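Enquirer: One structure, pasted below without further comment.
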Amino acid sequence: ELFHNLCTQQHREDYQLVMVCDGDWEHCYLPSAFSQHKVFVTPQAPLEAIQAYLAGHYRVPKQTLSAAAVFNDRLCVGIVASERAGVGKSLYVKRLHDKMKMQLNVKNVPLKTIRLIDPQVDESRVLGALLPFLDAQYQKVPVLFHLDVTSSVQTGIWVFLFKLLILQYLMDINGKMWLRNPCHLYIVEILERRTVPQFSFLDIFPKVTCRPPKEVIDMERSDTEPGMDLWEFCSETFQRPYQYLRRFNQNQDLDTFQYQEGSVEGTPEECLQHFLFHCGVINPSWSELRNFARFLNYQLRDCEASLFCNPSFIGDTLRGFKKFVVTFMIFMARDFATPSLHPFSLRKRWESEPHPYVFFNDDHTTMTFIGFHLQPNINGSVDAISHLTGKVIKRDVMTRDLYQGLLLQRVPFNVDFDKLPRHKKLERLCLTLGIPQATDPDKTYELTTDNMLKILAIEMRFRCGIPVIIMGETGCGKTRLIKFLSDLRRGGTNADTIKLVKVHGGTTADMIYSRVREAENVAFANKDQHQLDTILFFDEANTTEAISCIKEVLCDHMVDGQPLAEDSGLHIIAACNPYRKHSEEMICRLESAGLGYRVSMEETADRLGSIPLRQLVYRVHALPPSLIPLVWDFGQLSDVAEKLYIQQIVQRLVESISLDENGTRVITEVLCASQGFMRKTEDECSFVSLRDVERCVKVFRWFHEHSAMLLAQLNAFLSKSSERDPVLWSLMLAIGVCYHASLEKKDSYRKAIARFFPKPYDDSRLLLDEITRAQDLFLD
Ligand SMILES: Nc1ncnc2c1ncn2[C@@H]1O[C@H](COP(=O)(O)OP(=O)(O)OP(=O)(O)O)[C@@H](O)[C@H]1O
Ligand SMILES: [Mg+2]
């Protein structure tokens, strides 16, 4: 309407106007109105021409003091891209900032970092973050803007980059406006979202492609295809493992070798070759390789500080100790470095692999051996065997001379932590962790070898600096283990050494940032007062898209672009729920419930790509690909452990209400049978946890409390239509509420459960009868 009206009025009679539409949607209003005007010579340019055009426009003149000076050829815009995660995009921007601080002679060169976490790009948040810089001091001073477009972003990215980088502008509801100044550099950190034409939109831009180690060796210098950073290669993390490995592979004697601080040897290429050979991953990222290096460095450092490697002090009975240490630790790293996950490419199990751990205790005089035993063979060599089955885990980890020597040193080989007493377990565990006192915080937490190994894994990751991301079902033991460890390290002190955040779909980035900053203050306080490390724990973190913020906290070690303060003692753990899909029968039952769903699986926008989330047992969003190599399974809750927790709950009830042992037995057996049946019945129940047993016990307790009145009213009601144990009766009604009602195959459940009930109540019919009578009484 307005176009036609203006054309009727005194206007530009040579106006140049263009409209552009998506052919699939072209049937709509504005393309329809001008269909006659449809232009059939669609303008196009080859990618190289657009590249040269934008590169010319981005090029900052030499006279202009610009952050661009560091970038390729004074381009005030750059894209840093990777086909996968953790290959040096943020590192590249860091080094760019540093080089800018070196070159530009400026007292301060601001870095602004912006995280785009929302699936649909929020340009108003970007504008809000940039507006502080509208001040004039910045208009003639270099500033670097780093915009990280996390994996969480799915839509709005190309439009946003077009407007900001090309149109040089952003604008909001109120009317305040951002102008992209050429004196400032813009770098976009993005993962190449390859799925679409012969060229990706990002290619139009000055791009840096950061490459992984294997691509760095194979393909290779340039600033648009960086290799191994020299500060990292010259860092202790790479150099100690590199020097040790360099000697190891050549079969040199390490009996004398000791890494001298600040030393640097070899070349980036040889270091990468050795790391990739031993790493265990075929095409690792740089993060996986640093985690490998960081682990091997920490443990080799502790070995160097130990007495078994001190100036001899033991003669030569320990010849080959460092050779053994390097071999074993390269094997041990397999658990910490290697991924455990391989639309639903995200799954594996904990019991699938051994966890042979060796630790150097903070006393620098003892070692801890867990998860494996040493067995001598006829060939004079010593092998690593599974402590459970005795099967060989790794052959020739050491020679028999070193085994006998280490025995003479009282090193605790072949220890069976499952047969040890409680306090001996606590002593070994605390010594390994570096705790002086075996202050047992929970006698019901069973310190089995597996749980101790889990604790020690979390500990090593805390020590070296590998992020801790654990995957497990609800009630598999994560929160109790973390609590146990926090309490053990606390040692009775009155301190808040652990903060637990229960993450939900509504957990926003600002909530995570605030929680982390609060935990950081709390940790500074705790370390000052009590000298205790602090844990922050995110449970159900994948449940939110703000999980990308959690990635920043775990991997990037930052908070909304601001860095985390080391010297805090704050450790972060994240627990992610698993990625499972409901069975097809179960999805049928769900789609058939009532009038069915309001939206079909096709029309949904709530999905994990191909999968609607309602078809997932857990509403979980996709993991940032950087966290994928780090997630390790906590393990499934064993039948023995389930029964033990049920027994603990029923006994807690016994003390609360003074039941007998017969009722305890029956309640335990019926709760176990109920959980078993619901687990087997994958067509009606996909989710089973101990929270359901707590709920059923709560209901049982409620029925037991009221049982006097309910049984009186029941006898009266039934007399109107002219004996019972309160415990078995309340159990039956609790079972009714928790399991029997939601079910469709109620009869099979009652048949299974009845067998555990004492006579004469061991009948499915009596069970249904009592449930019916109680329902009637409640209607009456
Ligand atoms: N030469 C190297 N190149 C890249 N990363 C390296 C190198 N040497 C060590 N690293 C480690 O790899 C990690 C790379 O993290 P970085 O912030 O670059 O990841 P990223 O490129 O942001 O990936 P994503 O955005 O997917 O997390 C750093 O923590 C760094 O310590
Ligand atoms: Mg990054």
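Taken together, the values in this text are just the output of simple stated rules run on the coordinates, not laboratory data. Positions of Cβ are backbone-derived with ideal geometry, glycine not excepted, and every protein chain shown enters the neighbour counts.
Enquirer: Filter segment 208-241 for residues that are among the aliphatic types (A, V, I, L, M) and buried (at least 16 other Cβ atoms within 10 Å of the Cβ); which is farthest from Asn283 (Cα to Cα)? Even if it seems obvious, please write down each step before you answer.
Expert: First, pick out the residues of segment 208-241 that are among the aliphatic types (A, V, I, L, M): 208, 216-217, 219, 228, 230.
The next check asks that each one be buried (at least 16 other Cβ atoms within 10 Å of the Cβ); those that pass are 208, 216-217, 228.
Values: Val208: 20, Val216: 11, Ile217: 11, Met228: 15 Å.
The qualifying residue farthest from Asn283 (Cα to Cα) is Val208.
Enquirer: Right, next: Could you tell me whether segment 117-133 includes any residue that is surrounded by 19 or more Cβ atoms within 10 Å (Cβ to Cβ) and either farther than 24 Å from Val559 by Cβ or within 16 Å of ligand 2 (Cβ to nearest atom) (or both)?
Expert: Within segment 117-133, one or more residues are surrounded by 19 or more Cβ atoms within 10 Å (Cβ to Cβ) and either farther than 24 Å from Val559 by Cβ or within 16 Å of ligand 2 (Cβ to nearest atom) (or both).
Enquirer: Ok, one more. Taking the condition farther than 30 Å from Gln16 by Cα, among the polar types (S, T, N, Q) and more than 12 Å from ligand 1 (Cβ to nearest atom), does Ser82 pass? Walk me through how you get there before you give the answer.
Expert: Working: farther than 30 Å from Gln16 by Cα: yes; among the polar types (S, T, N, Q): yes; more than 12 Å from ligand 1 (Cβ to nearest atom): no.
For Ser82, the condition - farther than 30 Å from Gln16 by Cα, among the polar types (S, T, N, Q) and more than 12 Å from ligand 1 (Cβ to nearest atom) - is not met.
Enquirer: Considering only residues of segment 477-515 that are charged (D, E, K, R) and surrounded by fewer than 14 Cβ atoms within 10 Å (Cβ to Cβ), which is nearest to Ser568 (Cα to Cα)?
Expert: As a first pass, look at segment 477-515 and keep what is charged (D, E, K, R): 478, 480, 483, 487, 489-490, 496, 499, 502, 510, 515.
Among the residues that remain, those that are also surrounded by fewer than 14 Cβ atoms within 10 Å (Cβ to Cβ) are: 502, 510.
On the way: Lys502: 22, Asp510: 21 Å.
Only one residue fits best here, namely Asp510.
Enquirer: Look through segment 86-115, keep the residues that are closer than 23 Å to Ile204 by Cβ and not in a loop (DSSP other than H, G, I, E, B), and return whichever of them is farthest from the chain's Cα centre (by Cα). Working first, answer last.
Expert: First, the residues of segment 86-115 that are closer than 23 Å to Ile204 by Cβ: 87-90, 92-93, 96, 114.
Retained after the next criterion (residues that are not in a loop (DSSP other than H, G, I, E, B)): 89-90, 92-93, 96, 114.
Numbers: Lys89: 20, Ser90: 19, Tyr92: 24, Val93: 24, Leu96: 29, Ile114: 21 Å.
So, considering only residues that are closer than 23 Å to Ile204 by Cβ and not in a loop (DSSP other than H, G, I, E, B), the one farthest from the chain's Cα centre (by Cα) is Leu96.
Enquirer: Is segment 135-146 home to any residue that is within 24 Å of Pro268 (Cα to Cα), more than 16 Å from ligand 2 (Cβ to nearest atom) and of a type in the set (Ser, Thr, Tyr)?
Expert: Taking segment 135-146 and keeping what is within 24 Å of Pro268 (Cα to Cα), we get none.
Within segment 135-146, none of the residues are within 24 Å of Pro268 (Cα to Cα), more than 16 Å from ligand 2 (Cβ to nearest atom) and of a type in the set (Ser, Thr, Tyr).
Enquirer: Within segment 166-181, restricting attention to residues that are more than 18 Å from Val141 (Cβ to Cβ) and among the charged types (D, E, K, R), which residue is surrounded by the most Cβ atoms within 10 Å (Cβ to Cβ)?
Expert: Of everything passing the filter in segment 166-181, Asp172 is surrounded by the most Cβ atoms within 10 Å (Cβ to Cβ).
Enquirer: Restricting to segment 658-700, name every residue that is closer than 14 Å to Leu728 by Cα and surrounded by fewer than 16 Cβ atoms within 10 Å (Cβ to Cβ). Steps first, please.
Expert: First, pick out the residues of segment 658-700 that are closer than 14 Å to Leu728 by Cα: 659-671, 696-697, 699-700.
Passing the criteria: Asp660, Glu661, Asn662, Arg665.
Enquirer: If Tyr244 satisfies all but one of (1) of a type outside the set (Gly, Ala, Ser); (2) farther than 27 Å from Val70 by Cβ; (3) surrounded by 20 or more Cβ atoms within 10 Å (Cβ to Cβ); (4) in contact with a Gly (Cβ under 7 Å, 6 or more places away or on another chain), what's the number of the condition it fails?
Expert: (4)
Enquirer: Continuing with the same structure: Condition first: surrounded by fewer than 20 Cβ atoms within 10 Å (Cβ to Cβ) and in contact with a helix residue (DSSP H, G or I) (Cβ under 8 Å, 6 or more places away or on another chain). Now tell me which residues in segment 741-752 satisfy that. Talk me through it step by step, then tell me what you get.
Expert: Let us first name the residues in segment 741-752 that are surrounded by fewer than 20 Cβ atoms within 10 Å (Cβ to Cβ), namely 741-748, 751-752.
Matches in segment 741-752: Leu743, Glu744, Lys746, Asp747, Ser748, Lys751, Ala752.
A quick yes/no check of all residues on (1) over 22 Å from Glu192 (Cβ atoms); (2) part of a helix (DSSP H, G or I); (3) small (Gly, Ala, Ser); (4) under 41 Å from the mean Cα position of the chain (by Cα):
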| position | (1), (2), (3), (4) |
| --- | --- |
| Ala45 | no, no, yes, no |
| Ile50 | no, yes, no, yes |
| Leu54 | no, yes, no, yes |
| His57 | yes, yes, no, no |
| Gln63 | yes, no, no, no |
| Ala69 | yes, yes, yes, yes |
| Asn72 | no, no, no, yes |
| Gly78 | no, no, yes, yes |
| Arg84 | no, no, no, yes |
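Enquirer: Just to verify a result, which residue in segment 82-99, among those that are of a type outside the set (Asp, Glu) and away from ligand 2 (no atom under 12 Å from the Cβ), is surrounded by the most Cβ atoms within 10 Å (Cβ to Cβ)? Before you say what the answer is, go through the steps one by one.
Expert: Filtering segment 82-99 down to residues of a type outside the set (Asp, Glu) leaves 82, 84-97, 99.
Right, trim to away from ligand 2 (no atom under 12 Å from the Cβ) and you get 84, 95-97, 99.
On the way: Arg84: 15, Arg95: 17, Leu96: 22, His97: 19, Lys99: 13.
It comes out as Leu96.
Enquirer: Sticking with this one: Of everything in segment 379-416, what is of a type outside the set (D, E, K, R), exposed (fewer than 12 other Cβ atoms within 10 Å of the Cβ) and more than 21 Å from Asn361 (Cα to Cα)? Give them in sequence order.
Expert: Start the filter on segment 379-416 by keeping residues that are of a type outside the set (D, E, K, R), which leaves 379-382, 384-390, 392-393, 397-399, 402-409, 411-415.
With exposed (fewer than 12 other Cβ atoms within 10 Å of the Cβ) added as a condition, the list becomes 379-380, 389-390, 408.
Selection gives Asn379, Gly380, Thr389, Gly390.
Enquirer: Scan segment 505-550 residue by residue and report those that are β-branched (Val, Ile, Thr) and out of contact with any helix residue (DSSP H, G or I) (no Cβ under 7 Å at 6 or more places or on another chain).
Expert: Restricting attention to segment 505-550, the residues satisfying the condition of being β-branched (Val, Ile, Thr) are 507-508, 512, 516, 522, 534-535, 543-544, 547, 550.
Once the filter is applied, which keeps residues that are β-branched (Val, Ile, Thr) and out of contact with any helix residue (DSSP H, G or I) (no Cβ under 7 Å at 6 or more places or on another chain), segment 505-550 yields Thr507, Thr508, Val522, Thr543, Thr544.
Enquirer: I would also like to ask the following. Within segment 673-730, restricting attention to residues that are part of a helix (DSSP H, G or I) and in contact with a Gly (Cβ under 8 Å, 6 or more places away or on another chain), which residue is nearest to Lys759 (Cα to Cα)? Reasoning before the result, please.
Expert: Keep residues of segment 673-730 that are part of a helix (DSSP H, G or I), which gives 673-680, 690-720, 726-730.
Now restrict to residues that are in contact with a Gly (Cβ under 8 Å, 6 or more places away or on another chain): 690-691, 727-728.
Numbers: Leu690: 28, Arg691: 29, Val727: 14, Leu728: 11 Å.
This residue is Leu728.
Enquirer: Applying the selection to segment 561-598, what residues are within 15 Å of ligand 1 (Cβ to nearest atom) and of a type in the set (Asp, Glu)?
Expert: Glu566
Enquirer: Next question, about the same structure. Scan segment 52-81 for residues that are closer than 17 Å to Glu225 by Cα and surrounded by 17 or more Cβ atoms within 10 Å (Cβ to Cβ) and jot them down.
Expert: In the first step, residues of segment 52-81 are kept if they are closer than 17 Å to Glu225 by Cα; the result is 70-73, 75, 77-81.
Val70, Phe71, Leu75, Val77, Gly78, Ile79, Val80, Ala81, listed by residue number.
Enquirer: A further question on this structure: Which residue out of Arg598, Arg619, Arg580 is touching a strand residue (DSSP E or B) at 6+ places or on another chain (Cβ under 9 Å) and farther than 30 Å from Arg463 by Cα? Talk me through it step by step, then tell me what you get.
Expert: Details: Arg598 fails: touching a strand residue (DSSP E or B) at 6+ places or on another chain (Cβ under 9 Å); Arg619 fails: touching a strand residue (DSSP E or B) at 6+ places or on another chain (Cβ under 9 Å).
Of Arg598, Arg619, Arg580, the one residue that is touching a strand residue (DSSP E or B) at 6+ places or on another chain (Cβ under 9 Å) and farther than 30 Å from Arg463 by Cα is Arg580.
Listed here are the residues, each with its yes/no results for (1) farther than 16 Å from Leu453 by Cβ; (2) polar (S, T, N, Q); (3) touching a helix residue (DSSP H, G or I) at 6+ places or on another chain (Cβ under 8 Å).
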| residue | (1), (2), (3) |
| --- | --- |
| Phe344 | yes, no, no |
| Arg347 | yes, no, no |
| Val358 | no, no, yes |
| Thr365 | yes, yes, no |
| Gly371 | no, no, yes |
| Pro376 | yes, no, yes |
| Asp383 | yes, no, no |
| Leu408 | yes, no, no |
| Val411 | yes, no, no |
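Enquirer: Restricting attention to helices (runs of 4 or more DSSP H) lying wholly within segment 505-597, give those where 2 or more residues are away from ligand 2 (no atom under 16 Å from the Cβ), touching a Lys or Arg at 6+ places or on another chain (Cβ under 8 Å) and farther than 30 Å from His342 by Cβ.
Expert: Values: elements: 509-529, 547-551, 584-592.
Ranges flagged: 509-529.
Enquirer: Of the conditions (1) of a type outside the set (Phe, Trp, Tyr); (2) more than 36 Å from the chain's Cα centre (by Cα); (3) part of a helix (DSSP H, G or I), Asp762 satisfies every one except a single condition; which number is it?
Expert: (3)
Enquirer: Here are the criteria: (1) assigned to a helix (DSSP H, G or I); (2) more than 16 Å from ligand 1 (Cβ to nearest atom); (3) under 19 Å from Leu202 (Cβ atoms); (4) within 33 Å of the chain's Cα centre (by Cα). Tell me which single one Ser124 does not satisfy.
Expert: Failing condition for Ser124: (3).
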